[PDB]
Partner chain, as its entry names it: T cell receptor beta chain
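So this first bit is one chain, no partners, the form deposited without its partner chain, shown in structure tokens.
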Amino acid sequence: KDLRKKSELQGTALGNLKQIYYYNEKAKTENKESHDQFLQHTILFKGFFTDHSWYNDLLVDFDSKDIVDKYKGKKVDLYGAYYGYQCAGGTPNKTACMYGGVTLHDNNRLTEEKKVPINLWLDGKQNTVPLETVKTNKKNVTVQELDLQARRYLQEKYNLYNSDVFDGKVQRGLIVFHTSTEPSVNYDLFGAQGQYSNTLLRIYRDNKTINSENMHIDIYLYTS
């Protein structure tokens, strides 16, 4: 297809993708509230981390002040991948970074959690994915929240982000967040830019959320 290939992805790019989607901790937290803005289109959550870990503040970046004004001062829920490297922001080695992942709290919580159906095809051979693979308690959920889970599995079941010598067989792939309404969102499993989280995680900057009810995912893998 018109998919980018593993070959082109630097050894650190492929490594960081693997840390992001497999090795790293996601930032999940409910009923959070922030008034703090930081330079035109980012919200700053003072003391996002309540444990005793490296990072204290979190800096959520978005495409525009439109999205920022949609959440600033509102009770939001977070779910995403955060990074410390090149986290261009305020408090020194204390501010971590995330792109979007912000959701509106109220009325979003579902009665019973939704298991999002993934259809998989490795070289046409439709392989089946477990039903608990990707799940969310949100009526309206970020593509990032679904993505982080969807890709975790492809890392596990398929070593997607492995060097060709350690079974990184698939060399091209596409993930599709097919929704029951608007045009499905599609990602190229290898089309990220850069080799570090600062640019790789930028794809989610649009804070694109979708309807979880009556929706699923399509994953196409090609080992050629």
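Between two forms, the rigid core is defined as the largest C-alpha subset superposing within 1.5 Å. Positions refer to the first chain, counted from 1.
One more form of this protein should be noted, the form deposited with its partner chain bound, which is absent from this view; the next part is about it.
Colleague: Taking its partner chain as it sits in the deposited complex, is residue 18 in contact with it (heavy atom to heavy atom, 4.5 Å or less)?
Modeller: Residue-level check for residue 18: yes, a contact with its partner chain.
Colleague: With a cut-off of 4.5 Å between heavy atoms, is residue 31 one of the residues that contacts its partner chain in the deposited complex?
Modeller: So residue 31 does not count as contacting its partner chain.
Colleague: Answer yes if any heavy atom of residue 12 is within 4.5 Å of a heavy atom of its partner chain in the deposited complex; otherwise answer no.
Modeller: Residue 12: yes, in contact with its partner chain in the deposited complex.
Colleague: Verify the contact flag for residue 184: yes if a non-hydrogen atom of it lies within 4.5 Å of a non-hydrogen atom of its partner chain in the deposited complex, no if not.
Modeller: Because no heavy atom of residue 184 falls inside 4.5 Å of its partner chain in the deposited complex, the answer is no.
Colleague: Is its partner chain close enough to 25, 166 and 196 in the deposited complex that each of the three has a heavy atom within 4.5 Å of it?
Modeller: Heavy-atom distance to its partner chain in the deposited complex: all three under 4.5 Å.
Colleague: Partner absent here, but in the deposited complex, which of 78 to 86, 104 to 112, 143 to 151, 121 to 129 has residues with a heavy atom within 4.5 Å of its partner chain?
Modeller: Correct option: 78 to 86.
Colleague: Taking its partner chain in the deposited complex as the reference, which of 62, 190, 177, 55 has a non-hydrogen atom within 4.5 Å?
Modeller: Looking at 62, 190, 177, 55 one by one, just 55 meets the 4.5 Å heavy-atom criterion.
Colleague: Which single residue of 182, 51, 156, 164, after superposing the core, moves its CA by 2 Å or more between this form and the one not shown?
Modeller: None of the others reach 2 Å, which leaves 51.
Colleague: With both forms fitted on the core, check whether the Cα of residue 9 differs by 2 Å or more between this form and the one not shown.
Modeller: Comparing forms between this form and the one not shown, the residue 9 CA shifts at least 2 Å.
Colleague: Given a CA distance change of at least 3 Å, are residue 197 and residue 52 closer or farther in the deposited complex?
Modeller: Closer is correct, given that in the deposited complex the C-alpha spacing of residue 197 to residue 52 is reduced by at least 3 Å.
Colleague: So the Cα-Cα distance between residue 138 and residue 53 shifts by 3 Å or more in the deposited complex; is it shorter or longer than what we see here?
Modeller: The answer is farther, because the C-alphas of residue 138 and residue 53 separate from each other in the deposited complex by 3 Å or more.
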